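Taking the form deposited in one PDB entry, here's one chain by itself in structure tokens.
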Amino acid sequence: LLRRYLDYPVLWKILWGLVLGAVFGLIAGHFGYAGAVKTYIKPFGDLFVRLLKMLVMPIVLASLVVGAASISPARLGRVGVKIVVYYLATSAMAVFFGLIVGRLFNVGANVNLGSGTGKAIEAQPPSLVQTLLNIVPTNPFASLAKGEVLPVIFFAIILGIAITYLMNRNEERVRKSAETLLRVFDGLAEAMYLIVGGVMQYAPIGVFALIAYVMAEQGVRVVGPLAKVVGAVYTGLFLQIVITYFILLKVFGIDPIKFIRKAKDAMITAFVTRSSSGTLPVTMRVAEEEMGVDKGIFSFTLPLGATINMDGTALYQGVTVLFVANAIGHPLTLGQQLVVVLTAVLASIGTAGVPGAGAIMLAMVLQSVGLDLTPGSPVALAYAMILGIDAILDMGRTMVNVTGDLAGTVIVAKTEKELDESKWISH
């Protein structure tokens, strides 16, 4: 079964692993075996997750030094402004789809909890200007060691920009030393992309195991008003792809169906690992060897988008806030639901690219409409129900969190003529 596994096409092999993993997970769940999946299956998932985690800092660091030196700082800034306008725009849209979809499913209207005028609590802000200053690393080695992507993006861009100015200086010796430094990062970056390719041969096993574990643990839990939550959240995400991404893709002259075909590996590992950051190496390699995007773009947009652009998380928080407000019988007035638009965008910007991060940031969004997490209050009680299904919901939103990054990257890269069109012609 070494020849039987490797020769079968890898397009449909990661997908075979997902489907069979999900059913295997569901059968283990109704029948009560989820503990064995956690023992004898999940480690294979865990192994696959680690192999991807291992590549994030080198590949983000090296691709961005190389990419930032490959494009004038004038265009880099132009790429920054565009991707951020794409990012906030599609994120706002995601919160919009969240609320509409939630109203249509009448989420949490059968929960029937009582409540009262909320308990007055002094709101911690939490404070933004420190969040921005912390983008600037004080010790870039420590940032590498602590795995901080956003400060590393900052150092990487700075060094890459500095390297080019040096290679154009008059003194021959400065040119060769700067080139030598750039080749080291290029050699490392080319070596990282290569290793991502080898790991993706194990991905069906890891994907199978990851989905098997999640489906066995939390499948039993999608039953009641939570089933209505799960069904709403996935409906909304779909619309964010099918309307927002496709229309935006089609408007800019990218075939949406070819985009989804190329993006799938980024989408499926985003799904089972439920970490945008942990999935980043797959996303970037899709951008290079599938989408045809230049390293001078996706080396910036993708690691940045993995953190600040989450349409999936933004939409998941839209749906569930309505759940809590309906579960306690204090439905959100229309003027309240507009505040959600602003504060969900912010919360999704601020969630980490790691499993579970969005459900915690949901609390900030609840506190913004006047629903406080005071234990053991009924608002705190509804919030607990949402946490029960969180993995089931995390898979979906992590996938849309990463997909929107690719859709934006390909769209921005097209308008900059850094997209390689030979990769999109059908034959």
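Take the two forms, find the largest set of C-alpha atoms that superpose within 1.5 Å, and that set is the rigid core. One-based numbering along the sequence shown.
There is another form of this protein, the form deposited in another entry, and it is not shown here; the text below is about that form.
Superposed on the rigid core, the two forms differ between the shown form and the other one by 2 Å or more at the C-alpha of one listed residue only; from 329, 256, 350, 140 that residue is 350. Here residue 119 counts as shifted, since its C-alpha moves by at least 2 Å between the shown form and the other one after the core is aligned. Annotation: Cα of residue 59 displaced by less than 2 Å between the shown form and the other one, core superposition. Fitting the two forms on the rigid core leaves the C-alpha of residue 359 displaced by at least 2 angstroms between the shown form and the other one. An increase of at least 3 Å in the separation of the C-alpha atoms of residue 315 and residue 353 is found in that other deposited form, compared with the displayed form. In that other deposited form, the CA atoms of residue 234 and residue 356 sit farther apart than in the displayed form, by at least 3 angstroms.
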